[PDB]
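Form solved without this ligand, single chain, as structure tokens, below.
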């Protein structure tokens, strides 16, 4: 993706978007009990911790575009992945408005907590001023959609989240680019059934893990992924995507039965208009990170990409023996023969992607079930039930998380969430975690599940 045009918002009649510039993240009561190095991301230019220019840093992800046509390798990659999806009988019929907004099986209700986007944010109008869970009212919404229409600017916010020392210093904060409510709803109507099919079928047919529950899904992955693992990392995947990858996505959507008109929404993602504070800008390429379907579309594109690279480097490849699951940029894949990921990564560079084998800069030279991660988690087969696989979030990441809070009123929910991750590290690890939590008075005021209970509930869930 490439920023094509930027100017002061006022020159175009847009008011300044008044976004949060101070973090909601504060040190929790566990800040001193546990060790950590992470701190809230930089949210504003004047942050004293900056060792770089902030505005340049946050937009540095837009590395440019490769300007090329959909080539023979992409065409065959699209054909192959499209043939997999055809198995699922995805309906291209619009999802009815009530299902698309207030929840149906496979597609949770639209989040009332997130930004309603433009123009609502400039009018002080919130999602709850328009929608109502209790009523399932669509009257105000139909009104707003008629009045303001579709294809509105996306509002860019800086993500308020913990970051490493390096990322704070370099100012590499992430951006969330929020689709207008109108566009969110329209896209959920148009693609809602696709969304639903993907959510209900994580695995190697959708090639997707979006919506998965690692507690259950981790046991299925090694069954699905037969051979030698491939686990390339990307740097700045979303923003690196050039328009040709969006063209590939449109082709696959058309193969599934969507009309050219219904694929128009992909153009809204690719060639996008953003408002950031006092500025507005147009981007060519790049998946906006915060519109409807961004994770699913990112995953579909990753499925096309990896196939393309393998087809391009390994001319004798048999994609019918290839398996992959993606969650956005994150990929775990296998093939029955060793594949040189460094060759794939270099082929990727030719398509404007910045990729590195998972073993690069690590102490090992082969990706295995011992060292592979997916969704930040390791894989560890249970000692007693070897066919069951624990998703293993590093205790370090759990400790980083517990040391801060955006609101201490949620301490019980936050800490319980972390316990559900922590226990997979083993009974000893978990008991020490509990002890330290309980070493602050708040910790003894919390309902914390016992190790035996967590393990018993996990076993029974299968």
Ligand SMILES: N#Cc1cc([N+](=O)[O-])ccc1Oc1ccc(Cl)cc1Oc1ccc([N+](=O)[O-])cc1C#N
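Residue numbers count along the first chain shown, from 1.
The next section is about a form of this same protein that is not shown, the form solved in complex with this ligand.
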query: Distance check, residue 220 to this ligand in the bound PDB entry, heavy atom within 4.5 Å; finding: no
query: 4.5 angstroms heavy atom contact with this ligand in the bound PDB entry for residue 163; finding: no
query: This ligand contact in the bound PDB entry: residue 114, any heavy atom under 4.5 Å; finding: yes
query: In the bound PDB entry, residue 334 touching this ligand (heavy atom, 4.5 Å); finding: no
query: Listed residue (118, 327, 351, 322) with a non-hydrogen atom within 4.5 angstroms of this ligand in the bound PDB entry; finding: 327
query: Contact assignment for this ligand in the bound PDB entry, among 190, 292, 197, 156, heavy atom within 4.5 Å; finding: 292
query: Proximity to this ligand in the bound PDB entry (heavy atom, within 4.5 Å), stretch among 70-78, 339-347, 104-112, 263-271; finding: 104-112
